[PDB]
Amino acid sequence: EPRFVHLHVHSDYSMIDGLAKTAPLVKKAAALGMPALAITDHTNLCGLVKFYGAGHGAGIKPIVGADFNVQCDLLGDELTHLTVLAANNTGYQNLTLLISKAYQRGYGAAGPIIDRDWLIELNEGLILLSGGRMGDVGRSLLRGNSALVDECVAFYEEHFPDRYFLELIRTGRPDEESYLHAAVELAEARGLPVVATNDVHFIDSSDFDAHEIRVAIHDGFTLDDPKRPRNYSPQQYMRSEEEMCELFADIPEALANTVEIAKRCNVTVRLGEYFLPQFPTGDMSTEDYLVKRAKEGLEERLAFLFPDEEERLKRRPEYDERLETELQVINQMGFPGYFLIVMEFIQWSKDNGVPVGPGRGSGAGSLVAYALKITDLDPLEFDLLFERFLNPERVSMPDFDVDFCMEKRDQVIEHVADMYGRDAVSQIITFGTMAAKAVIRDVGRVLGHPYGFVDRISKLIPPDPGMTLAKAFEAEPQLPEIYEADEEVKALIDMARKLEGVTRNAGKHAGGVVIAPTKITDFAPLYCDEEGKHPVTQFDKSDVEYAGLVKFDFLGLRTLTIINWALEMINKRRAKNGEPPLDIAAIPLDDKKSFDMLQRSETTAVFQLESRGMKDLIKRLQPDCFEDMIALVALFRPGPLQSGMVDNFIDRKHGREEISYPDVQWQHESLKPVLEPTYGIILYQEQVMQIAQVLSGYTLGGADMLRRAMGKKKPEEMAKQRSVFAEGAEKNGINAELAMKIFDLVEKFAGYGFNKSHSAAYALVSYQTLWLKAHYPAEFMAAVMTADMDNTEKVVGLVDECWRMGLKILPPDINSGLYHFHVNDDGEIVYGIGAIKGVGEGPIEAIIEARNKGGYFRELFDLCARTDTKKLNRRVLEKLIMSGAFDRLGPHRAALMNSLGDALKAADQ
Ligand SMILES: [Zn+2]
Ligand SMILES: [Zn+2]
Numbered sequence: 003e004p005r006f007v008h009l010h011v012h013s014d015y016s017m018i019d020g021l022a023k024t025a026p027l028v029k030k031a032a033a034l035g036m037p038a039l040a041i042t043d044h045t046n047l048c049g050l051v052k053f054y055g056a057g058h059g060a061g062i063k064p065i066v067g068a069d070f071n072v073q074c075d076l077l078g079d080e081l082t083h084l085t086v087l088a089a090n091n092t093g094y095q096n097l098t099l100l101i102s103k104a105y106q107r108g109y110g111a112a113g114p115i116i117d118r119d120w121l122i123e124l125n126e127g128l129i130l131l132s133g134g135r136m137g138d139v140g141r142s143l144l145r146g147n148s149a150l151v152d153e154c155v156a157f158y159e160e161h162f163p164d165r166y167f168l169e170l171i172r173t174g175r176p177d178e179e180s181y182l183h184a185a186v187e188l189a190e191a192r193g194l195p196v197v198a199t200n201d202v203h204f205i206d207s208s209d210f211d212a213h214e215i216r217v218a219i220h221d222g223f224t225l226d227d228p229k230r231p232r233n234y235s236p237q238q239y240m241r242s243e244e245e246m247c248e249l250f251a252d253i254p255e256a257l258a259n260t261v262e263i264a265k266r267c268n269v270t271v272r273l274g275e276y277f278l279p280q281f282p283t284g285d286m287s288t289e290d291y292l293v294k295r296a297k298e299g300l301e302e303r304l305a306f307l308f309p310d311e312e313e314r315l316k317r318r319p320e321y322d323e324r325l326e327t328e329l330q331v332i333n334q335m336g337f338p339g340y341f342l343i344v345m346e347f348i349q350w351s352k353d354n355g356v357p358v359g360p361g362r363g364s365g366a367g368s369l370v371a372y373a374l375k376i377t378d379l380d381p382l383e384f385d386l387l388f389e390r391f392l393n394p395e396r397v398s399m400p401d402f403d404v405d406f407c408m409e410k411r412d413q414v415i416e417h418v419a420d421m422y423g424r425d426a427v428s429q430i431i432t433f434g435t436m437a438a439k440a441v442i443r444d445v446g447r448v449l450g451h452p453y454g455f456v457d458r459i460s461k462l463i464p465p466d467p468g469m470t471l472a473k474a475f476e477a478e479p480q481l482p483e484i485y486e487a488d489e490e491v492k493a494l495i496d497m498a499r500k501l502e503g504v505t506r507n508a509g510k511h512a513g514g515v516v517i518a519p520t521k522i523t524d525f526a527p528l529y530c531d532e533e534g535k536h537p538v539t540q541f542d543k544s545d546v547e548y549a550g551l552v553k554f555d556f557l558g559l560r561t562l563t564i565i566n567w568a569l570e571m572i573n574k575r576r577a578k579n580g581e582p583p584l585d586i587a588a589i590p591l592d593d594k595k596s597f598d599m600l601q602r603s604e605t606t607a608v609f610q611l612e613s614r615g616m617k618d619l620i621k622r623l624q625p626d627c628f629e630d631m632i633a634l635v636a637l638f639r640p641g642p643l644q645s646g647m648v649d650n651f652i653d654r655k656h657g658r659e660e661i662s663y664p665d666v667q668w669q670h671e672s673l674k675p676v677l678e679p680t681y682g683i684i685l686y687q688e689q690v691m692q693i694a695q696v697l698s699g700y701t702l703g704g705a706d707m708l709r710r711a712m713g714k715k716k717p718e719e720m721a722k723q724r725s726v727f728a729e730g731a732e733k734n735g736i737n738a739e740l741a742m743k744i745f746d747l748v749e750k751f752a753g754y755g756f757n758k759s760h761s762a763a764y765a766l767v768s769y770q771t772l773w774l775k776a777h778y779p780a781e782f783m784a785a786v787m788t789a790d791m792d793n794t795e796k797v798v799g800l801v802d803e804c805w806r807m808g809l810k811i812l813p814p815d816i817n818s819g820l821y822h823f824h825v826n827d828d829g830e831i832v833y834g835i836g837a838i839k840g841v842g843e844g845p846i847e848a849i850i851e852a853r854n855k856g857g858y859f860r861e862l863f864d865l866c867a868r869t870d871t872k873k874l875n876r877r878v879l880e881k882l883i884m885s886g887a888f889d890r891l892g893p894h895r896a897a898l899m900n901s902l903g904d905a906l907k908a909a910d911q
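Here it is as structure tokens:
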């Protein structure tokens, strides 16, 4: 049984200090043979979820807490320290509110702050550590003011009677032992308990210098600056029980209370299971409302899939069943709410202006998702599996990985705030980390080096994303050279290896939106800027999800927004000619116009397929169906080619080899529908499941369990299932001895297998673009160019590509020009004026209001003299003059520039 437990500890999430990350701290506490650990960061619970995930895995009990800067009228302007532990969940939601109250209140340079009297209402379930020499009671003792001491203790004697402990710390800092003595006395005289703490900020004592620089970078000081605050001692590392016991041997009850307190603290953070909000229904069980909509959804989907042409009545069965099997699993696991929430949201986005990304996770395998128009692929057709997305044989959180554009966030939030409540909705925090370049940069400044000396090392660091220091040393031979040649450079880099990855701040921008069933502060604390605005959950995208809140991420995918513009343009065309608006989901997936094109390798602007190596793969492959469109992203990899698996796929398809299920030597003829569209090769994860379904007789639930069993790659569990495969073979009935011979291959073929529900989701959008480029190239290309206005080169290039595919693209004309590119009545592309760098949407809107205010622009003068000046700057006019927008009307550019002076004289009169 334990002698001591650390109740005051900081991680990098404190941001103003801390060095080690959450999990490592957990692992050190573990190695030290300790029962529990309390990470108490500065005014946040940012790593709380990670903390729990780690304590679970390491067999350590997490203790929730946080340090606070405090102010009470009693000490005036001066701030004091206070550590607050959550004994139970009543106190953990109080601690959350405190943190949220500090930030929501706004702050200045001292950071967020709490009023000690806030501890009056936010009280139950909390255990306070005095703060030590820096606490309100602590300072008074050193100041020697007895009345003050009595008056502070009177607050804790009243509001935290058995929950206030005098914190004793021996880190060899000024006025420590002095306070300790004074505190110990007060303790004995007032009957107050003490407790020992090491005020930990780093793991090993030798991490002290790395921490000092970590702080300095934040404090904006140079390391050797005399006026640089020196607030930490090397003793503030994570000490052992022994070290801590010998250290406080003269006051055991201080050590004993760490163990008592640790016992009194037990907070529950339920991870891995949703807390869904309530979907509008009326009088109907959320379960019931799902089926009414799912069935109505399947009605439409079936009418379309199988037109009145009542062949549907012969294939309708296979669907009605699937819907039920799913709908039952969904309703048993308490997820109908989720499916509805996403359904409705996706609908709202279609009606309003919001485009949502292609990512549906594994959801494309849900026939219910199909019915609710959450996914637009029919999973029956393409053997997309429901129990790969949501398997009742395991615990999981159904995620459609739905994301929208960060630009349209305020619009999205407004809608979910209407649907589920204003303070029920919130944005998600994002953290800044010191990457290789930036850490070299900042450690350089702190060690007193000019930006020139340092940038010479930062420039060696490759720009590749996810680049680490260790990789830079591998790729760039100059680094180890200069590292061993210069003692200063090597001290710089040694230190930057220690700080690499550390967290410096919050965004910047949020990661997305989250929706709680009640006010957000019930599930997470808030973070705010200096003025208590721009609130976000202190948990980030991953953590907030695991805490069991429904989230929607942001993304900068320009592909989906392009397709909107195309259809917009395309449908305006439909408006004049009196024909039905186009539903992009209703397009045929078998279209030779599109596929003949695909094979020509004309994929520029075709989402995903438009790289270089892909176009080589395409030529070599020659896909004629949507099936091998899905296979495309799965074949384009180092794994498949390194094994020749791709060279096989193409060879079979094209007759250079005869199909086999899967192998020439080992195979069976009952895998017909399973390995047919893949031409016999084991490509997708769903196929690994399906062979085990028909060959063995797995229930797809167990098939899914096996798929993962292989990924765990520990024989025990594989041997368990192995036998399950052999007897499974003979029951439904086949030849064994091959079930074992094919198994050890699918064992390996599942290795580089690919999630099909994920591929088809994206592949659909690739095809949707390929199609638009084939049947409406003008509208689509115009849309693509509207998406690239900000980049001139891309525009020029796209113009070439237009002319090459036989499109007529007209240069900037001030009379017909719009902000976005568009298509004229004759099917020609009109240059979007927004493409002219330095003009902007403002002036362009003005130019149009002017033009719609008559006809207009018989010449430059007619524009200048017309359009409101300063809505249209003279410099904005040069940009226009120089784009050749007036080339039709008056004289040409050079001659017009000279005339500009005059036209603006006349302009105002
Ligand atoms: Zn600190
Ligand atoms: Zn602290």
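Its first residue numbered 3, the sequence shown is counted upward by one per residue in the entry's author numbering.
From the three backbone atoms N, C-alpha and C, an ideal C-beta is built for every residue, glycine too.
Beta-carbon spacing of residue i, residue j below 9 Å
{"i": "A68", "j": "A25", "result": "no"}
{"i": "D385", "j": "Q692", "result": "yes"}
{"i": "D405", "j": "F638", "result": "no"}
{"i": "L902", "j": "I883", "result": "yes"}
{"i": "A33", "j": "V7", "result": "no"}
{"i": "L494", "j": "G446", "result": "yes"}
{"i": "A711", "j": "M720", "result": "yes"}
{"i": "residue 951", "j": "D496", "result": "Residue 951 falls outside the range modelled here, since the chain spans only 3 to 911, and no answer is possible."}
{"i": "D425", "j": "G108", "result": "no"}
{"i": "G339", "j": "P279", "result": "yes"}
{"i": "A296", "j": "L325", "result": "yes"}
Closest Cα partner of residue i within the set the options
{"i": "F597", "options": "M571, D630, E581 and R575", "result": "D630"}
{"i": "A549", "options": "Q237, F823, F277 and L128", "result": "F277"}
{"i": "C866", "options": "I835, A909 and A848", "result": "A909"}
{"i": "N507", "options": "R216, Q770 and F308", "result": "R216"}
{"i": "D665", "options": "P679, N650 and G434", "result": "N650"}
{"i": "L9", "options": "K294, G59, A89 and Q106", "result": "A89"}
{"i": "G78", "options": "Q95, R141, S287 and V28", "result": "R141"}
{"i": "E187", "options": "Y700, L304 and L168", "result": "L168"}
{"i": "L611", "options": "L747, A184, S768 and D457", "result": "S768"}
{"i": "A705", "options": "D653, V690, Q237 and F250", "result": "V690"}
{"i": "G127", "options": "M136, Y105, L99 and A112", "result": "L99"}
{"i": "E123", "options": "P464, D378 and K103", "result": "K103"}
{"i": "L766", "options": "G808, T561, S698 and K839", "result": "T561"}
{"i": "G454", "options": "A784, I62 and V491", "result": "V491"}
Bridge partners - residue i, DSSP secondary structure assignment
{"i": "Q73", "result": "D117"}
{"i": "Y166", "result": "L130"}
{"i": "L800", "result": "Answer is none; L800 lacks a bridge partner."}
{"i": "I463", "result": "DSSP lists no partner for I463."}
{"i": "residue 912", "result": "Shown here, the chain extends from 3 to 911; a query on residue 912 therefore has no answer."}
{"i": "residue 925", "result": "One cannot answer for residue 925 here, as it falls past the ends of the chain, which runs 3 to 911."}
{"i": "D555", "result": "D405 and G514"}
{"i": "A88", "result": "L128"}
{"i": "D542", "result": "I431"}
Item to check | Inside the segment 562 to 649 only - alpha helix (DSSP H) runs reaching at least 4 residues | outcome: Complete alpha helix (DSSP H) runs here, min 4: 594 to 602, 614 to 623, 629 to 637 and 640 to 644.
Checklist entry - For the segment 497 to 530, which segments carrying the beta strand (DSSP E) assignment without a break, of at least 3 residues, lie completely within its bounds, in sequence order? => result Annotation: the segment 497 to 530 contains the following complete segments of the beta strand (DSSP E) (minimum length 3 residues), in chain order: 505 to 508 and 514 to 517.
Checklist entry - Are there three or more Cβ pairs, one per stretch, closer than 8 Å when the segment 371 to 385 is compared with the segment 311 to 325? => result Taking 8 Å as the limit for Cβ pairs, the verdict is that the segment 311 to 325 does touch the segment 371 to 385.
Checklist entry - Does the segment 204 to 216 touch the segment 12 to 22, meaning 3 or more C-beta pairs lie closer than 8 Å? => result Yes, the segment 12 to 22 is in contact with the segment 204 to 216.
Item to check | Every unbroken alpha helix (DSSP H) inside the segment 152 to 199 [4 residues or more] | outcome: With a minimum length of 4 residues, the unbroken runs of alpha helix (DSSP H) contained wholly in the segment 152 to 199 fall at 178 to 192.
Next on the checklist: To test your reading of the DSSP string, which unbroken alpha helix (DSSP H) runs of 4 or more residues are found completely within the segment 842 to 899?
Outcome noted: Listed in chain order, the alpha helix (DSSP H) runs fully inside the segment 842 to 899 are 843 to 853, 862 to 866 and 876 to 883, counting runs of at least 4 residues.
Checklist entry - Which ranges does the alpha helix (DSSP H) cover as unbroken runs of at least 4 residues, wholly within the segment 417 to 498, from first to last along the chain? => result You should have 438 to 448, 453 to 460, 471 to 477 and 480 to 487.
Checklist entry - What beta strand (DSSP E) runs, 3 residues minimum, are completely inside the segment 324 to 350? => result Qualifying beta strand (DSSP E) stretches: none in this window.
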